[PDB]
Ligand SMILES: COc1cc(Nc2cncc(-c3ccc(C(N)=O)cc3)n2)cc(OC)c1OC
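One chain follows as structure tokens, the form solved without the named molecule.
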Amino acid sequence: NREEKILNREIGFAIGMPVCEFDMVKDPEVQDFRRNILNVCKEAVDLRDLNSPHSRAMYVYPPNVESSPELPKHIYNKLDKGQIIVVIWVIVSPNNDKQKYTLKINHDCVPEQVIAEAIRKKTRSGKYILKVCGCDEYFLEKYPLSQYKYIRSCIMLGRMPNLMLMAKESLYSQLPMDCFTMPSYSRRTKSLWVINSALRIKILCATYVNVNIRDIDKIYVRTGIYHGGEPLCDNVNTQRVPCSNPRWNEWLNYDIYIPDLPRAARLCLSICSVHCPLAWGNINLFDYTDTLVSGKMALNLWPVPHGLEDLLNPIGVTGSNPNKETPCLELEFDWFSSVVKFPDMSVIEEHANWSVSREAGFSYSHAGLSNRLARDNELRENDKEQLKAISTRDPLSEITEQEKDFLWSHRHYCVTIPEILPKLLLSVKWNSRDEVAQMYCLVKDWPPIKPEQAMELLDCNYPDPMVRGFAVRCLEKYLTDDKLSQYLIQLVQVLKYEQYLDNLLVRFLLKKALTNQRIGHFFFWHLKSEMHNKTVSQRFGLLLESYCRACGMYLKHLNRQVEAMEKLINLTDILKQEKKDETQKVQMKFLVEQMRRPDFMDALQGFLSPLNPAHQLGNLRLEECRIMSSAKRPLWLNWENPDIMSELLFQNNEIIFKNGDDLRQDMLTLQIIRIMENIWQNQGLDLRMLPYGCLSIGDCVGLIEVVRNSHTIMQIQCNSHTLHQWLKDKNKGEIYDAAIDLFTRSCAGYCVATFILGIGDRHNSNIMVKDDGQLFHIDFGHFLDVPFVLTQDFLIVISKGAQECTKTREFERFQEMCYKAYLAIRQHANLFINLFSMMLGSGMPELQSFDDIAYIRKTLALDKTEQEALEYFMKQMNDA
């Protein structure tokens, strides 16, 4: 058709990849994915069409609400007699005439109740909705007004809520309807258990294996069978062969029997020199149709990632390298006269139910022969008490083989403490179909666990699809849209661990992206920002294709953002190329020259901010745009806020564009800070952090939010009393007390957060202070390594200029904030551990092994008691 060719052009421009390149791939998994995923698209579109048009406005403008309607004490105490003061704005004439009506109402009022009170005091002389003044956020559901994050924050900050009445007809008429069309491209045996053979694989020859004859005599193929990074048997190598003729023609035998192969079994192989590795690759032993791979097949290998001292790379992704001009290794698997598939769930349930009756046969005498079969043995309360103690340890405490045998034995009891499932799963012998079949039935009826606990089951050491299917069940039952957005970074990353294109995790995330457009925005950009990475570009490219067909009109607004970013990349590439050594003035002349060409001049104005799509980026104030003093030439960009009420929120939107630095680390560290702030605010501990906008949009390219009215400590010094005098100066009179209080709280938060996270390299140019006293750190490149950090400059401010701070009462109140903030994060240690664990396959440099993560066990003292952990942080703080 004709409309389909335009839509494919729009999809291709958004992804940076022509749709026809997807059509060219003859891998049937690819084509099946492109068709089979389309039911998620129709379900999502139908969810947006049931109860139109309010259904599609919910989609485009979801409520921005907190997790729970309950308010902490320090929040409620902001509100005398449970009453909030809210200003409601109405425009009487089409000339944008302002009329404010101030209201005093209960915080739990639905937006309809706030419209009623506003319309009654409008007349003192069901057709409207509330909009946040200054940005495209709406209050469409019947949430308690205090539960919306904007209203909650206005209570938190002691700032005045500014809202606007707007008729429903206004918003609805500006939301175009979605005409999702199904595309022209959707319309297109013996079990393993009955095979008693040992596994053997044929390593025949290798091509494109050019390598320097210097320091190379012989080369050889190292293989290994793994299940999620743990070997199922011994690694078997091939025999050394000459470098000029890479032929082995060798069948390798492995200590594992075929019916015991787990579903997620993978062949991890590599080519190694003689005694270093050259290139690696992984193959799934089963395809996406549950078929034991049989026959000849060739694998294009991957270059060794810098830092890989091992010989195999079992955590790297699986599949052939798309660059077919790389080392290519040829393999052959046994055919067994028939198509071999993995047994049905009914066959597994039979074998497992059979296996439980074999237990009651064996009785108590036989139970002695195996420590893992302690089911028949009677269980003292010590056993129940040890299982409880095991279930309460962090996801990275070592589980001994005694404990693993102890866990398998009591699995019918572990169902009663479902939080122990992760450690239980780690106790299975995954190379025993007898045990695994029996674990499946446990997982089949396992009680749901918290989303924060289930996310662990999606990282790099739970590859089994039944384990991961249970994990998605949990998120799909308890994970709120708020928490989904909060954790979206990690949930996108764990898609890389998935063994196949079509899988329950991606169907979950895609459906939520296509029913919640705040989520779909960052879903898009987190995927788009890594299309340059060839290990996942095809995976994310196909997933982006299906998204762009069903997200609706927002595809047009996304392309609008993509070309904006693309012009900024091209323009900054030309600066780093042709004017990199010129003065900043010569660079600015060239910048203003390039920016005033007509094609560029609208590509970058009249689009939505990728940092926050509620923010509209109107006209560009070139007079306020500058190349920044930093290296890599950051662009200070300034747009007009075209909103009618821009003066009540922010009149200019200031964003830094940075080309050259990997921003994934800043984006992650600020996520952790935001979550830590959320934990502290829920426990009534008002420690004000500033998790500040930072989005990676591509390979060492991204956007950074500007916080206004802030200065670095180094500039403020331009005496240890110097900082405090600046704060006294900026904050005279009654403001002094609130300002000192704001600095002490923000300092406590960042002291604790930087200590826990091992945030080193902190100097007076990495710590800024706002005019209202808000301290906050910056440039989070390095992290997880450093001791507790408190300069004398900070302490003088806390004690309001006193000589000894330890002596004053304010330092006592400062410490209790830290100890409480420290113990609050420690009580949520599993959350942060799992979040970092999910980031291991990301390819991020500073999160590549569990050794990198072990440092938060040390700073949080998880192997000690909450007493002795507090004393450790008692000491770490007084060490100054």
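The term rigid core refers to the maximal set of C-alpha atoms that superpose within 1.5 Å between the two forms. In case it trips you up, residue 1 is the first one in the sequence shown, and so on.
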- Do a third or more of the other compared entries leave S746 out of the model? no
- Message: Can you check if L670 is missing its coordinates in at least one third of the other PDB entries compared, counting only those that model the residues either side of it?
- Response: no
- Where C718 meets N719 in the shown sequence, the number of deposited residues left unmodelled: 10 or more
- Item | Unresolved deposited residues in the interval that joins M588 and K589 | none
- Of 440-448 vs 491-499, the stretch with the larger average CA B-factor in the entry is 440-448
- Stretch with the higher entry mean CA B-factor, where the candidates are 665-673 and 287-295: 287-295
- Message: Checking the record values for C20, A869, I15, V25, which has the greatest CA B factor?
- Response: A869
- Pick out which of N731, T515, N641, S696 has the highest C-alpha B-factor in the PDB entry. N731
- Item | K864 by Cα B-factor - lowest, middle or highest third of the modelled chain | highest
- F811: CA B-factor among chain residues, third -> highest
- The third of the chain into which the C-alpha temperature factor of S630 falls is the middle
- Item | Entry-reported Cα temperature factor of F522, expressed as the chain third it lands in | lowest
- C276: CA B-factor among chain residues, third -> highest
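One more form of this protein should be noted, the form solved in complex with the named molecule, which is absent from this view; the next part is about it.
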- Contact label in the deposited complex: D383 to the named molecule, heavy atom within 4.5 Å: no
- Applying a 4.5 Å heavy atom distance criterion, does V707 contact the named molecule in the deposited complex? yes
- Task: Mark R745 yes when one of its heavy atoms lies within 4.5 Å of a heavy atom of the named molecule in the deposited complex, and no otherwise.
- Result: no
- Query: Is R626 close enough to touch the named molecule in the deposited complex, meaning at least one heavy atom pair within 4.5 Å?
  - Reply: yes
- Only one of 295-303, 76-84, 606-614, 650-658 sits within 4.5 Å of the named molecule in the deposited complex by heavy atom distance, namely 650-658
- Query: Within 4.5 Å of the named molecule in the deposited complex, heavy atoms considered, which of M768, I195, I740, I697?
  - Reply: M768
- One residue of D260, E810, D779, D772 in contact with the named molecule, assessed in the deposited complex (non-hydrogen atom, 4.5 angstroms): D779
- Is the named molecule in the deposited complex near all of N51, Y61 and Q174, within 4.5 Å of a heavy atom of each? no
- Query: Going by heavy atoms, what in 630-645 lies within 4.5 angstroms of the named molecule in the deposited complex?
  - Reply: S630, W636
- Have a look at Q174, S346, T400, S365 and give me the residue whose C-alpha moves 2 Å or more between this form and the one not shown, with the fit done on the rigid core. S365
